[PDB]
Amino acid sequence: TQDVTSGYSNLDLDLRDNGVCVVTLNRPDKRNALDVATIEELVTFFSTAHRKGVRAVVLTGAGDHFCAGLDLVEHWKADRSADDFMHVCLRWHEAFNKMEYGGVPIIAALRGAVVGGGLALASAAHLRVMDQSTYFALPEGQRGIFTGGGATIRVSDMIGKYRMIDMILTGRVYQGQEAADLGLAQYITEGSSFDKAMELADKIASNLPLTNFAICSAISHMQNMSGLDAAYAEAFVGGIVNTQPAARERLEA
């Protein structure tokens, strides 16, 4: 429906009949580099997806490469001051925080380069599916750049603080089974990562809206707390989710 798919210049959207929305980064000529305009579009989409009824998102990059990172051309031309760039980083965080804590399951279908800000974007999804062409790296460090978008936060949760520091400090590249085993992606396929992502998304979309909402917002929040306080919060999350009428019906079913 146009109410979900229109309004974006750098994203191509395709809403399926079961509520799965394919969100395709659409600047293939620039390897889907993320400029401020695209980030704002991500903020808008992920701020409203839940309320608009989107049941799950399959996030992919148009072309052979998922995302080449922050748009360094725009950055270089903009000749940003430290405060201008700090502000740009907060917009990246607003988009990625809405993805991580927004409650709509996001499954990234990766191909080719998932680098720098592109790895930050991939990390903001709940699930990642990589194929035989996919590789991960934070190569900007070699050119004096500190990766943003919360990669230092999310990639540390994915592969461990020390492997994350190794990646940004050395520009080390991971791919194939090695990358999956490291924790960069939960799924690796010999075929189409898009098709595998759709299979996962369709199954997820068939689950209860509230249950998926809790799974895709409460767990990240609880990981930010002491486990002794998270326990208490979890009891309230379980109280609401597990006593919903639709849930009771499924148990009976």
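Residue positions are given as counts along the sequence shown, with the first one as 1.
Taking the PDB entry as given, 135 to 143 carries the higher mean Cα B factor of the two stretches 149 to 157 and 135 to 143.
On average the C-alpha atoms of 70 to 78 have higher B-factors than those of the other stretch, with 169 to 177 and 70 to 78 being the two compared. In the PDB entry, residue 233 places in the lowest third of its chain by CA B-factor.
Per-chain ranking of the deposited C-alpha B factor places residue 227 in the lowest third. In this PDB entry, residue 27 carries a Cα temperature factor that places it within the highest third of its chain's modelled residues. Residue 36: CA B factor lies in the highest third for its chain, per the PDB record.
In the deposited entry, the Cα temperature factor of residue 42 sits in the middle third of values across the chain's modelled residues.
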